[PDB]
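Only one chain is included here, represented as structure tokens and corresponding to the form deposited in one PDB entry.
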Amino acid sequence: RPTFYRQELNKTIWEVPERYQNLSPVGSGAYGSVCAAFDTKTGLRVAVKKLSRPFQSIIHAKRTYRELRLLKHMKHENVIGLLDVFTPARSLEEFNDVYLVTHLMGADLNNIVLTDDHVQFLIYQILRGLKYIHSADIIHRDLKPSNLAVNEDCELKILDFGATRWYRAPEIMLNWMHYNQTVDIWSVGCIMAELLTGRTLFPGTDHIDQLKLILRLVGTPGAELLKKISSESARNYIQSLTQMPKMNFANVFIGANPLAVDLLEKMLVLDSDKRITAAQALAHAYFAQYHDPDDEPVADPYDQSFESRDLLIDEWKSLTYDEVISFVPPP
């Protein structure tokens, strides 16, 4: 066991292994605070996150176990990955705090403020990462600029901290609960549009306004789409709106790469059943300058059967403690 060392960075107190030097608060979340740090064992600049209330309840505990399982499984250039995970506790009895460590990226996809070149490189990496995580039956469902880490080299990694509705696919707005992975593709679509344009494509004020703005572009749902909506509530809402026609994307996005406007068409389709997938998008002619089907790997199988489990805090804690102890760092 390494020798830890304590210190206080504002309201939050930290106790980490000597290996990590010069901690600097970088921001807070409802799930923990993060500190940029120097890992002397690797010379790398890293980010260290201390989970707020690891096991405050059944939900916090389960979430904590989830946070750990996901990050330990992610091993892709365009996805956040675990460098190290540690705890001050020498036993499960004293186990109350979790610290995750990862590569320090710097700025978010928002900060960066884009030449058609960066746009196709940027979105290309998102899709490359999305293909990977999607291949493990994992849906992000919360994709947006702030959850996209980009370095000065324009390298991108998808991640999940913790607006949002501005990027949510319509079938997750209406409160539907049988949505596929392509909800993420819709977010990509919204993000891509924001880069080529410089404006958030759908700046809605609520779940209703947001849905209106969307339809204002993609148009009202036709016979085939209304036909698949279970919720009489939702169905009656949509049908009760002044019919809206689909717009010509070539017009909406004035003078943008024509190949880029075509991909936007395929990503912002209202019916999740006909929306392009991450894998299929990596092959769109728009990414011909970067696509390489030999370097767009899928993930190893991911066991998420725990997601349907209902356990006590100590069990979710025990499972999490095992996970921290069995961790094996990357090369």
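One rule holds for the numbers: they count along the sequence shown, beginning at 1. The term rigid core refers to the maximal set of C-alpha atoms that superpose within 1.5 Å between the two forms.
Participant: Determine if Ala163 is unmodelled in a third or more of the other PDB entries compared for this protein.
Facilitator: It is, since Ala163 is left out of at least a third of the other entries that model both flanking stretches.
Participant: Would you say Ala30 is missing from a third or more of the other compared entries?
Facilitator: Affirmative; at least a third of those entries omit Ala30.
Participant: What size is the break between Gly162 and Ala163 in terms of deposited sequence residues left without coordinates: none, 1 to 3, 4 to 9, or 10 or more?
Facilitator: Unmodelled stretch: 10 or more residues.
Participant: Please classify the coordinate gap between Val113 and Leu114 in terms of deposited residues: none, 1 to 3, 4 to 9, or 10 or more.
Facilitator: Going from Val113 to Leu114, the model skips 4 to 9 residues of the deposited sequence.
Participant: Determine, for stretches 59-67 and 265-273, which one has the higher mean CA B-factor as deposited.
Facilitator: It is 265-273 that shows the higher mean C-alpha B-factor.
Participant: Using only C-alpha atoms and the B-factors in the entry, which stretch averages higher, 194-202 or 128-136?
Facilitator: 194-202 has the higher mean C-alpha B-factor.
Participant: Using only the C-alpha B-factors in the record, can you name which of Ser187, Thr242, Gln120, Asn147 has the highest?
Facilitator: It is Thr242.
Participant: Of the options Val98, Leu83, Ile158, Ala89, which has the highest CA B factor as deposited?
Facilitator: In the PDB entry, the greatest C-alpha B-factor among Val98, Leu83, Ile158, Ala89 is found at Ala89.
Participant: Looking at the temperature factor on the CA atom of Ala169, which third of the chain's modelled residues does it land in?
Facilitator: According to the entry, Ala169 has a C-alpha B-factor in the chain's middle third.
Participant: State the tercile, meaning the lowest, middle or highest third, of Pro301 with respect to the CA B-factors recorded for its chain.
Facilitator: Within its chain, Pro301 is a middle-third residue by C-alpha B-factor, going by the deposited values.
Participant: C-alpha B factor of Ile238, ranked within the chain: lowest, middle or highest third?
Facilitator: CA B-factor rank for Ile238: highest third.
Participant: In terms of the chain's CA B-factor thirds, is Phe38 lowest, middle or highest?
Facilitator: It belongs to the middle third of the chain when residues are ordered by C-alpha B-factor.
Participant: Based on the entry's values, in what third of the chain does the Cα temperature factor of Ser52 lie: lowest, middle or highest?
Facilitator: Tercile = middle for this residue's CA B-factor.
The discussion below concerns the form deposited in another entry, not included here.
Participant: So, does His207 move by 2 Å or more at the CA between this form and the one not shown, with the core held fixed?
Facilitator: Yes: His207 shifts by at least 2 Å between this form and the one not shown.
Participant: Comparing between this form and the one not shown on the rigid core, is the C-alpha shift at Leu241 2 Å or larger?
Facilitator: Shift of 2 Å or more: yes.
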